[PDB]
Amino acid sequence: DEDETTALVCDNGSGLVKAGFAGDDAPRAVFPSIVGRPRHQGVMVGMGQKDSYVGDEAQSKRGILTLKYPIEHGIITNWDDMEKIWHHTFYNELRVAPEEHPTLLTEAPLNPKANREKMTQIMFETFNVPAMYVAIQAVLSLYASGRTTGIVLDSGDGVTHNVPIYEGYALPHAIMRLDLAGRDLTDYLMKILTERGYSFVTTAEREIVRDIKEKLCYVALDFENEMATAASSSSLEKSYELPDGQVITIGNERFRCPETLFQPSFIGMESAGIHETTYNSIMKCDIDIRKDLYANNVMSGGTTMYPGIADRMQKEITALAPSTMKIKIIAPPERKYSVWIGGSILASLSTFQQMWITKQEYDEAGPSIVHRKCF
Amino acid sequence: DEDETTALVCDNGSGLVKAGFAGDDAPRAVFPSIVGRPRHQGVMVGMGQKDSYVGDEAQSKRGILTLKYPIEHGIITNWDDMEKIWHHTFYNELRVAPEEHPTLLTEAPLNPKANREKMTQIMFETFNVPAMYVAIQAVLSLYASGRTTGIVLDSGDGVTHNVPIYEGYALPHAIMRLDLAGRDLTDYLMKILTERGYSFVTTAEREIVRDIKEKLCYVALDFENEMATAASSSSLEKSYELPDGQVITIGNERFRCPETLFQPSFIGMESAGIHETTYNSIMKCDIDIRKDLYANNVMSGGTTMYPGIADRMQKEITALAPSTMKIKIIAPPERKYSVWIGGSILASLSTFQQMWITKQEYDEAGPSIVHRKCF
Amino acid sequence: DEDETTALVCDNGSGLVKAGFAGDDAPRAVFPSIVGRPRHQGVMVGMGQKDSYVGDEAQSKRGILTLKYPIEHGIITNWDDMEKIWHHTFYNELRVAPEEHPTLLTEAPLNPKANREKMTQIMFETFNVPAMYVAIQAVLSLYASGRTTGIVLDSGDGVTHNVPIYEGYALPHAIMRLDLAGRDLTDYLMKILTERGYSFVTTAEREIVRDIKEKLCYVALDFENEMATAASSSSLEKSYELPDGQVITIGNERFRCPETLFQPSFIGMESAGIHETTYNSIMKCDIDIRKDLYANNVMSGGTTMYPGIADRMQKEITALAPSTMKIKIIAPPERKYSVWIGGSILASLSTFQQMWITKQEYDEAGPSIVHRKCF
Amino acid sequence: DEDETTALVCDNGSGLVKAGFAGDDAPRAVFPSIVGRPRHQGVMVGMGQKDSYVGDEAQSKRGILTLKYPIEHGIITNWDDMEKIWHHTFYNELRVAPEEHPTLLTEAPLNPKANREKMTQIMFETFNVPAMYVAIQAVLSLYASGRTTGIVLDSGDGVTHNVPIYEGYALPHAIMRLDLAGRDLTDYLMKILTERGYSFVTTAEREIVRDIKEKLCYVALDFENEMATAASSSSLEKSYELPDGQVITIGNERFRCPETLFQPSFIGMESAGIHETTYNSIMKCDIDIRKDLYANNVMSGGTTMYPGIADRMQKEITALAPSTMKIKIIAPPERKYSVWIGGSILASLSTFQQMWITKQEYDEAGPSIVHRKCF
Amino acid sequence: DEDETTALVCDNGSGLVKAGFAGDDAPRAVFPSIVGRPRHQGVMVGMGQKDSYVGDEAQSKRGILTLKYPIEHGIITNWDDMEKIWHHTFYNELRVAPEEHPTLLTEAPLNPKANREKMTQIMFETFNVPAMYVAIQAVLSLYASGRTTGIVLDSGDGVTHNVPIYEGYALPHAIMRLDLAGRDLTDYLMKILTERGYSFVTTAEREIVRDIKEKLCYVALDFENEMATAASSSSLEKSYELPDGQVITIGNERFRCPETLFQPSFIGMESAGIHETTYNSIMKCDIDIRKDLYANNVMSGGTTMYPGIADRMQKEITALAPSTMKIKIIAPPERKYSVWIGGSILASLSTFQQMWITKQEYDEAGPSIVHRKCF
Ligand SMILES: Nc1ncnc2c1ncn2[C@@H]1O[C@H](COP(=O)(O)OP(=O)(O)O)[C@@H](O)[C@H]1O
Ligand SMILES: Nc1ncnc2c1ncn2[C@@H]1O[C@H](COP(=O)(O)OP(=O)(O)O)[C@@H](O)[C@H]1O
Ligand SMILES: Nc1ncnc2c1ncn2[C@@H]1O[C@H](COP(=O)(O)OP(=O)(O)O)[C@@H](O)[C@H]1O
Ligand SMILES: Nc1ncnc2c1ncn2[C@@H]1O[C@H](COP(=O)(O)OP(=O)(O)O)[C@@H](O)[C@H]1O
Ligand SMILES: Nc1ncnc2c1ncn2[C@@H]1O[C@H](COP(=O)(O)OP(=O)(O)O)[C@@H](O)[C@H]1O
Ligand SMILES: [Mg+2]
Ligand SMILES: [Mg+2]
Ligand SMILES: [Mg+2]
Ligand SMILES: [Mg+2]
Ligand SMILES: [Mg+2]
């Protein structure tokens, strides 16, 4: 802390929560965010008569308690129950009071106005923040790696982004709030397993099936060929183990799951497509300036990690876009941390002290002000 | 038969088997499907030294022989032993060879892939089907009553469906394979009887307790009030008789049994709820097109018959769904026969001859093909 | 005999012996089985210096020689001395060698294992049986009258049975080896006579008092009333004559003697009761299947003949068992012959030739084998 | 007693009664529970003209008086006559009035509702309990040994349990009220002795044959091999002595008796099987959480003591359950006392004072309330 | 007498009569019971012209008057003539009127019903008994010596008993009315004397020969050896004197006479045997309870006194009965008085006043009532 407090940073992405102090490599503490209640009554009293919350222990005990995601698609529907997640985050992982160290809140772009004003009140009023700013998901990634120019994609468990940013300026013509996420992607996985005869349907049950994809999955550069080849032989079949109960085998569904990200045709919505999506945003920008963006494409966030993301993405973007154009995915191994890390850099980079807002100003001004001055 | 054979239809639901010829009102022969063996040895020889199978006679003699359901949750685990059920159905009830008259097989949606390919081989190879198609449970109901547009629910002894179908098209976003059934519902009944001091636990024993619910049961429009009122007085108590052994009385447990269908909270799983379930499927459809579905809701199948199913279902759907919306259950007195009857209409409706598959094509193509072209 | 020998059948019940050839109405020769020695020495030599055995002549000469029952409660304690009974039976009544014509042995169920294995050796080794099978008392009755389904009671001079048999199968949950018999019943008679001032105590003496009951006795539908009414007047008193010595009169003890069969309370053991006993066996059967047994109750054997057995048995079974249930005693006038006759039917009913066992197989296998394959 | 009374605990299992004060090692007084009347009249008057009850002295004098078990399968059919057992227990063994020291009642789970409400009235009204709670058999075991997590089996003389409990919570999906017990197991023993030629049939007679098994019996890890080996030689035969009358020898039936517990196939019911039974309960639990239960299996109660219970149980559970899974029986030498001891811990563990119920509350509320708040 | 009369007790065994007042050591007056008439006419008149009766004087004058035993085997055949015996007993030995002091009648168990009802009338009507009870021979012995538990044998001049009694209760399964007595035993003596050339045959003649056995006799532990040894030498021969007429010598027949009691093989009836008899009664009792009876065997009555009764009885009971069992004869030197003395104790032991019956009750009720309430 010293004479002047460090900059506390909190990710609050959608399902995964990242927290910590001023610009520091890797977040101080990471844990999934859930806060449900136990399914039914237990005979014992006073030994286990206490609620399981905020992942971690609650996360470990999946079977007894149903887990609920407080926020969907980067939108907080739960609100009040969610606040405890921050409550747990501040005391424990950080073990610091909200009023002392300034914290950077992170909010997904193009979401209801209410979420940002109300979020401020919860943190600002209940926690009397010493200094705070509602951050934008896509911008922070740029601060980290990828220099200061390019297009960033941060598909997550609830929300995905594709915002074009040139130099110190970013054009708002094609932000692209696609209704896709690793979470719902997981659901598709649950439905397809029926193919293998496995059935999963519950909050904890979903948790177990979730990650299976992380461990097992291929983007497949030529997709079409993959189904015809994988179906032909075991090759990519391999195996995985399901906790105690059984041993599951991820047939050729192992590579088809990732495609919905690329073309929701399988899921059922033709609204967007990753190779088709990244392209539209870049087109709705100055025709003269796109070269800097084509070669500055950087993928950071969830699903980005997915095995071979850059590979399929790379070939497709080239197909639709004109030749003689240099296109790169600049996908870093440290990706997925852009939101917290990049944000941390901005927070404790001094000379940027004025942008942060605190007590007094907000009290004299309407909740609209906190939302104002943000972009 | 004539110059060209009629269309033989076979339900093969899960526990109840329906069979017959081309689109004919009501199925030709109905009987429960079981095929277990006698519990122990009998001294007599040659007079009773023959196995009791395929319900009917086997069904009548419940005490001496344990009955097993060859398929659970619309999933065939037994496979080979089950085939005799069809064997008995073909010779006796229909008394027609499998090679001559074309038959429509019925299969529950979102089940293991293996069931459909393997089922084909058994019927296709062992019976050399002249023509056949693996049907879908939910679709056939629409063909019968309810016009050509709406949402159908066919809760059965093993599997339940809630698939939204608009016009000649159906959206696959929320089929809903709930893990509920009249059968397991029966088990709950067996456990609650302990309340009255009655104990039942065996295949035949379950059979007797099974149907008791059919004879005695109320959905209860306001449930909460029912326990408080029914417990207060005898009113709904009435009575029932148990074969020779005693006379049982279905206390206030008479109306509580049906609720688990509505809210498995009592059974112990919070995954689904009828009023909550039907709603989710409709929501996961085009926001603009839902009105046709709200007013075209039709319930056909087991448990649907349950006294007052439409009543409780009706009021609850209206509560969660927005006002000014017209919702109906279009529950027909002939329901439960949609699978066979509706199917029969499709089978012998001509101009649909090409969809049916037969010998030669399958032999030249992999078992995958029979599974293919189906949806 | 012809090219292939007929089926010789031997009852060997407990005190009464029945023998004969293949399924023939009524047994070839009947006589009580005893084989004791003369009480003391006679002066004459060579004219009467020969032992009196195997009833008949020995039976006629009761005073000079004490008679012993080789088997008690269907259990052979004497063993070796008993074999002569068969010896006499084979040569004389049947006048056929044991090695030629195949014979069916009869054994009481739930008795020591030794009796059946040892019995085989005596007949199998000493007599080299051409073919034989150790039969079960209760089963044979079913073959005769009573169809193929029901419960049979064969109370005898040593052993009684109550085995429930459904169709070609019989459940072993409640065979019921009650420790009751007409013989010991006789003893009760001897003790009660003291009431009338008559004293009997010896093997021959017991023989005379035995049968008296057969000639004089009433089951009494309302028992309680009988003692109060019979004591009031002579009515049922009537009379009987005792060979030469005196003329006895069977007071009201005439109807009380049969009750001990129904309730050994008088004899002194509360273990079983006929009305209470038949009921327990049926209850320990499938709850669903009991109706066939209630209406198929058939009494065959000793004491069954007793005057009015069906009458008292009839009303009582109805009292404890639930109403609306049809119960019958199906007591045939030819009863008591079920063991031999029914058995004879099974023996010479062909197509049942494989079950019979003979020389060679037993020699190569242990005595346990003869016991095995039996049930 | 002091200023505040200690916690009196009463087992009331089914045949064996345990009683005592607040959480104390081993129960204060143990004795079997029976309360029958003498078989017949004795000439002497005023010296022995007094009834023999509540085991102990009554138990010692088995021949003269028939003993009846007031409760079967954890179900009280006798009710009123049974109350004296508690009457004897309170005065004598404890020698304390029911109104002063609070007592914990023990009731078998999944039994008629009436037993728990009526039991309360008898103790609550007739004894005006200062404080009481109707306990659950399975839960208490957990409190003692086995930590706070696992699956417990407490097979007894009338009722058996297999309830899965995780942490301070227990799932009710598979409690498993198997219709098995040490008592009925004894009956099987009585029927098989006929093999050795020994006959037993009466309340006292049963008592003598009962315990014989305790003294002589083997679970047999490979069963099949045991019959083939034991029959081959005397080895396991050994010997036992029957009071005065004779000396019995427990042939190879010594190890077969325990199997019916494992597979009632011998008894005649295929409803359950120990290795098959423990498995089903664990399966009907969260798929993710079962590891804690597999390694936390603890057997406490009757028949559990049976020689080698853990051995056979151990290998079989491992066979059907998937590999790589750690399974233990955590069978303690002090087992069988879990019901009383574990219960005593809960009773006198303070901070659990509110759960106990007393006078006033029950009087103002219906008997349903005492049943309510229990689980 | 005082304000309330003492309890008069009358043995009336069979040949010997015992009489007296309330529980007093040793009977007040003892004398054999006979009442015959003089053989022929005497010339003298008025000096000896009076009948000789009721033993004593009549007994002294054996030659002139033939003596008749009014009762045989504990059965009164004479009836009317016998009453004078009581007539003489009441006036003379007791010198008290029958109406004043209450008296206890003694009756042998398992005798004709008539003897007990008719006996009541004679005493009750002719004597108007102030209070009376028909006692049982065997029970009274227990009251005296031998505690309250055991088996008693009271072989007498006409009747013998072997009734097992446990605690205040006695089981009726094997009372054992053996047809043996010291009297008939005497006859055997008369016949064997022919061996020595002595002839005796008349009522008085029998009296003289009777007692000779009392004075001279050995039970002989090894019997067989005794004939072989005694015949070898004079040893046991010794001598006796016959009144005036001659001096007889009891050769080796001295020890053989007692054996018939043990085995009537010599007399001619194989019905019973002392060592074999005591054993059967104990066996026909609860198998579990026999130990108390084996060690509580007590012999009281006639022939019991016989020299060495306990010796032979002791070794033999041990031979047939299983080892490790403690058996005793608890034969008291005061035995033979159990019937009167033991009875007297019961009579004047107060609190047992209700059992006694008197005038009024019997008059209003049938003679059957006096017989009723007795056991
Ligand atoms: N290495 C990985 N492989 C596959 N999927 C991943 C991987 N890492 C994260 N994910 C998925 O990314 C989603 C969350 O992404 P992310 O954007 O990083 O979190 P947040 O939005 O909370 O900041 C989840 O559905 C998760 O399963
Ligand atoms: N009229 C009825 N009332 C209550 N339950 C019924 C009724 N008819 C059928 N059921 C229940 O419905 C289930 C089988 O339903 P169904 O779907 O019609 O058969 P299937 O799946 O074999 O085609 C059973 O559990 C049965 O008990
Ligand atoms: N007609 C009858 N009336 C009374 N008792 C009879 C009659 N017939 C046979 N009994 C009795 O039945 C007993 C023998 O019965 P049974 O079973 O027929 O013979 P077994 O066991 O030798 O085959 C005897 O005690 C006999 O006295
Ligand atoms: N050590 C033992 N060996 C074999 N059986 C035993 C042993 N201990 C108890 N049993 C049996 O367990 C049964 C009673 O068990 P338990 O559950 O402990 O009593 P309760 O149900 O009354 O609490 C009886 O059938 C008894 O014979
Ligand atoms: N001391 C004795 N020695 C041998 N025999 C005796 C003795 N005392 C009595 N007896 C015989 O016992 C018989 C009468 O026995 P008891 O039972 O005592 O008399 P009661 O039946 O009249 O009561 C007579 O035959 C008598 O001779
Ligand atoms: Mg993110
Ligand atoms: Mg169906
Ligand atoms: Mg018979
Ligand atoms: Mg217990
Ligand atoms: Mg006497």
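Residues numbered from 1 in each chain as written, not as in the entry; some residues may be left out. Chains lettered and ligands numbered in written order. Heavy atoms only, no water.

- Its PDB header attributes the entry to cryo-EM and lists the resolution as 4.7 Å.

1. Thoughts on the overall build of chain A
Piece 1. A count of helical and extended segments in chain A gives 15 helices and 11 strands.
Piece 2. Taken over the C-alpha trace, chain A has a radius of gyration of 22 Å; the compact-globule value for 375 residues is 21 Å, and the two agree within 12%.
Piece 3. Across its three principal directions, the C-alpha atoms of chain A cover 70 × 65 × 35 Å.
Piece 4. Here chain A holds 375 residues, and 56% of them are scored as buried. (Helix = DSSP H or I, 4+ residues; strand = E, 2+ residues; numbered from the N terminus. Rg over C-alpha atoms; globule rule 2.2 N^0.38 Å. Buried < 20%, exposed > 50% of the residue type's maximum accessible area, 1.4 Å probe, protein only.)

2. Notes on the pattern of salt bridges
Piece 1. According to the stated counting rule, one finds 36 salt bridges over all chains in the structure shown.
Piece 2. A salt bridge links D:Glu195 to D:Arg256; the shortest N-O distance between them is 3.9 Å. Remark: D:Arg256 occurs in helix α9 (residues 253–256) and D:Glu195 occurs in the loop between α5 (182–192) and α6 (203–209); sequence separation between them is 61 residues.
Piece 3. Salt-bridge contacts for D:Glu253 lead to D:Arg196; the nearest nitrogen and oxygen are separated by 2.7 Å. One end of the pair, D:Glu253, is in helix α9; the other, D:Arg196, is in the loop between α5 and α6, and 57 residues separate them in sequence.
Piece 4. On the basis of relative accessibility, which here comes to 2%, the residue D:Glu253 falls in the buried class.
Piece 5. Here the salt bridges share partners, and the residues they tie into one network are A:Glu195, A:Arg256 and B:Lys113. (Salt bridge = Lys/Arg side-chain N within 4 Å of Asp/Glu carboxyl O.)

3. So, the packing of helix α10 (residues 274–283) of chain C against helix α12 (residues 309–320) of chain C
Residue and element names in this part refer to chain C.
Piece 1. Look at α10 against α12: their axes get within 9 Å of each other, and the N-to-C directions meet at 55°. Between α10 and α12, the interaxial angle falls into the category oblique. Here the hand of the crossing between α10 and α12 comes out right-handed. Contact residues: α10 offers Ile274, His275, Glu276, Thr278 and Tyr279, while α12 offers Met313, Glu316, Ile317 and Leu320.
Piece 2. Partitioned by chemical class, the residues of the contact of α10 with α12 number five nonpolar, two polar and two charged. (Axes fitted to C-alpha atoms, helices over the stretch in contact; angles between N-to-C directions. Parallel < 35°, antiparallel > 145°, perpendicular 65-115°, else oblique. Left-handed = near helix turned anticlockwise from the far one by under 90°. Contact = heavy atoms within 4.5 Å. Nonpolar A, V, L, I, M, F, W, Y, C, P; charged D, E, K, R; others polar.)

4. Description of a nonpolar patch on the surface
Piece 1. On the surface, a nonpolar cluster with roughly 490 Å² of combined accessible area is contributed by C:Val43, C:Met44, C:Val45 and C:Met47.
Piece 2. Within the secondary structure, C:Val43 is located in the loop between β3 (29–32) and α1 (57–60). (Patch = residues over 30% accessible without salt bridge, like charges linked within 9 Å, V, L, I, M, F, W, Y side chains within 5 Å. Areas by Shrake-Rupley, 256 points an atom, 1.4 Å probe, with all protein chains shown as cover.)

5. Some points on the site of ligand 4
Residues and elements named next belong to chain D.
Piece 1. Around ligand 4 sit 18 residues in total, of which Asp11, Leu16, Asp157, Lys213 and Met305 are the nearest.
Piece 2. Backbone polar atom of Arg183 to an oxygen atom of ligand 4: 3.5 Å apart, as the coordinates give it.
Piece 3. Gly302 places a main-chain nitrogen or oxygen 3.2 Å from an oxygen atom of ligand 4.
Piece 4. Taken by itself ligand 4 offers 570 Å² of open surface, and the protein chains cover 89% of this.
Piece 5. Of all the elements in the fold, those that place two or more residues in the shell around ligand 4 are α5 and α7 (212–215). (Near = heavy atom within 4 Å. Polar contact = N/O pair within 3.5 Å; in protein donor to acceptor, adjacent residues only side chain to side chain.)

6. Points about the site of ligand 3
Residues and elements named next belong to chain C.
Piece 1. Residues in close proximity to ligand 3 total 18 residues, the closest being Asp11, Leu16, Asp157, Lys213 and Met305.
Piece 2. A distance of 3.1 Å is found between an oxygen atom of ligand 3 and a side-chain nitrogen or oxygen belonging to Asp11.
Piece 3. Between ligand 3 and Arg183 there is a distance of 3.5 Å, counted from an oxygen atom to a backbone nitrogen or oxygen.
Piece 4. Contact with the protein chains hides 89% of the accessible area of ligand 3, taken as 580 Å² for the molecule alone.
Piece 5. Within the residue set of the shell around ligand 3, elements represented by two or more residues are α5 (182–192) and α7 (212–215).
Piece 6. Its residues assigned to classes, the shell around ligand 3 shows three nonpolar, nine polar and six charged.

7. Remarks on the pairing of strand β7 (residues 132–136) of chain B
Regular strands place their side chains on alternate faces of the sheet.
Piece 1. Of all five residues that make up β7(B), five are buried, and the element is covered over most of its length.
Piece 2. Both faces of β7(B) are covered, namely the face carrying B:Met132, B:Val134 and B:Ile136 and the face carrying B:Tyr133 and B:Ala135.

8. Quick notes on the interface of chain D and chain A
Piece 1. The partner chain A presents 20 residues to the 24 residues of chain D that form the contact.
Piece 2. Counting the surface lost from both chain D and chain A, the interface buries some 2,300 Å², and carbon and sulfur atoms represent 63% of this.
Piece 3. Remark: the boundary between chain D and chain A carries two salt bridges.
Piece 4. The partner of D:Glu167 in a salt bridge is A:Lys61, and the shortest N-O contact between them spans 3.8 Å. (Buried area = accessible area lost by both parts, 1.4 Å probe.)

9. What to know about the packing of aromatic side chains
Piece 1. Per the stated rule, a full pass over the model turns up 15 aromatic pairs over all chains.
Piece 2. Each ring, one from D:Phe90 and one from D:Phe127, has its centre 5.2 Å from the other, and the planes form 70°; the classification is edge-to-face. Linking D:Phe90 in helix α2 (residues 83–94) with D:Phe127 in the loop between α3 (113–126) and β7 (132–136), this pair joins segments that are 37 residues apart in sequence. Pair check on accessibility: D:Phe90 and D:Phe127 agree, each one buried.
Piece 3. Where D:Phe223 meets D:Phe266, the ring centres are 5.7 Å apart and the plane angle is 75°; that geometry is what we call edge-to-face. Here D:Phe266 lies in the loop between α10 (259–262) and α11 (274–283) and D:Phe223 lies in the loop between α7 and α8 (224–232), a separation of 43 residues in the sequence.
Piece 4. Since its relative accessible area comes to 37%, D:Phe266 is described here as partly exposed.
Piece 5. The aromatic ring of C:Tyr53 is capped on one face by C:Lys84, whose charged end is 5.5 Å from the ring centroid. (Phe/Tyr/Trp six-rings, centres within 6.5 Å; stacked < 30°, edge-to-face > 60°. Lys NZ or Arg CZ within 6 Å of the ring centre and 35° of its normal.)

10. Here we look at helix α13 (residues 309–320) of chain E
Residues and elements named next belong to chain E.
Piece 1. Its 12 residues place the ends of α13 18 Å apart at the C-alpha level, agreeing with the 16 Å of an ideal helix rising 1.5 Å per residue.
Piece 2. For α13, the set of buried residues is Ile309, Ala310, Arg312, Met313 and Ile317. In an axial view of α13, the angular spread of the buried residues amounts to 165°, which keeps them on one side of the axis.
Piece 3. Contacts made by the buried residues of α13 are with β8 (150–153), α10 (259–262), α11 (274–283) and β11 (297–299). (Expected span 1.5 Å × (residues − 1). Arc of directions from axis to C-beta.)

11. Details of the interface of chain D and chain E
Piece 1. Each partner contributes residues to the interface: chain D has 20 residues there, and chain E has 24 residues.
Piece 2. Overall, the association of chain D and chain E removes approximately 2,200 Å² of surface from exposure, summing both partners, and the carbon and sulfur fraction of that is 63%.
Piece 3. When the buried surface of chain D facing chain E is broken down by residue, D:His40, D:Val43 and D:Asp244 rank first, second and third, together holding 30% of it.
Piece 4. Remark: the boundary between chain D and chain E carries two salt bridges.
Piece 5. Salt-bridge contacts for E:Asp288 lead to D:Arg62; the nearest nitrogen and oxygen are separated by 2.7 Å.
Piece 6. In the side of chain D that touches chain E, the residues fall into nine nonpolar, seven polar and four charged.

12. Here we look at unusual backbone geometry
Piece 1. Positive phi outside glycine occurs at A:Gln360, with the angle close to 90°.
Piece 2. Considering the arrangement of structural elements, one finds A:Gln360 in the loop between α13 (338–347) and α14 (361–364).
Piece 3. Here D:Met176, not a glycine, exhibits a phi torsion of approximately 75°, which is positive.
Piece 4. Along the chain, the position of D:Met176 falls in the loop between β10 (169–170) and α5.
Piece 5. Classification of D:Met176 as buried rests on a relative accessible area of 16%.

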